[PDB]
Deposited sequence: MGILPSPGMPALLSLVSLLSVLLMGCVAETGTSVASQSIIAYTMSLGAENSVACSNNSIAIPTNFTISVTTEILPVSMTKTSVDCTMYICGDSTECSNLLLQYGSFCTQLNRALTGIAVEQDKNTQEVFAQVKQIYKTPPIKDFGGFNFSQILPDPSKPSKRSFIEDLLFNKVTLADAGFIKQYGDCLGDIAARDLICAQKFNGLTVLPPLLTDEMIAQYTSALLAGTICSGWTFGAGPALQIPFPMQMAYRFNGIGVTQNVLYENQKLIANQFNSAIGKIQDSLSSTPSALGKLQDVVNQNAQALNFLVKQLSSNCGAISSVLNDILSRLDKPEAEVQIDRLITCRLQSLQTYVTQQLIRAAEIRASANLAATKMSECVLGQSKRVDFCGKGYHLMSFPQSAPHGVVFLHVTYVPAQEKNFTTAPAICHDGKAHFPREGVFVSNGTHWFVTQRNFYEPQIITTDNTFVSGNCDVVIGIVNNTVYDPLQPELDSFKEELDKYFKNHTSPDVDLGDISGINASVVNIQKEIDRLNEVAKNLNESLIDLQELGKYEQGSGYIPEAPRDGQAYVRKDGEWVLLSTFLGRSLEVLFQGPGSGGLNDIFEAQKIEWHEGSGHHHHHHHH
């Protein structure tokens, strides 16, 4: 519902913390085309060669993906090359960050430990065999390690957190310039159209709301990571497909191959083998094609995650719903299995009241407009106040400016404007 002469203004607010989860990378894997199709079989390999460079081209396609996975990770996390550490003082004006910062007693935060025990991991079996020996045991299917291990990533997130708390966003665009945390917040409030005194006067309340919100995150995650689990599940499916297809005949007398090389005459075996090669090759092509498309989807997500790091963590965003719902104040990154988790801190208006309003005020024949905020009435008196928080002030010449006259504006009301000068000169 709405009207043409009344406005609603929040008289209170709350602080909310929301969680956004993005995938960044996937397990780096590859397939040895020849070993997969022709498992330690000289005759098969000789028959595979006549088909040209199919295996070379497919090996290249998969290699490109494996490399991309490291590129994605470093672009998201390794944005700041200087490593920063937090002080032992732990005095941020009542703001308790003990749940997001690394625990000295792996050096990860409490929240990160929760995340790393929610994602559930062929790959297990490969890890157990541990590399040529494994490659043979798993029919050409191998698993590659990342360049950046979990510990290295944790160090990057730690540096970002230490930076954000100590020097705000300045370290993300130049030298790290230390500032008291309570002050850092004041400017984040200004950035959302709220004056500084609101923070300083309500600092205790704000710190309490913030600390409570963080505790809620723990309960929310404990009782969420489907987006990251789904990536793992899809990859498990793709690998299971390749393994199962090795048991298919596709018109052959046997998927074994060795039962074709033996028993059958040379040329007879060759026909049956060429058949198996064709079927296994197209099975591999199907796998590769889907991996390329899926990889592209992840790349797009990694690019978004990198963007959010720059705009949500290393600065303050003015883009609606980009860094969480409500008005963006700040963000804190956390590491996660093959991904990144953002904790977005936002300002949300709470309890509003209805006031009578007017576009402009007529004083001495001239129309006065507010420099900022709106004109409102409590039923007997008119006040000027900021839009995002009810804080009524006397309407004075230092709160308004003059333009045109009282005969032009439609929604013009008669009132007085206080002049903070003459009354103390007379």
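Participant: Any chance you could give me the deposited-sequence numbering of all the stretches lacking C-alphas?
Facilitator: Holes in the chain trace, numbered from 1: 1 to 52, 158 to 159, 176 to 179, 189 to 194, 288 to 290, 494 to 624.
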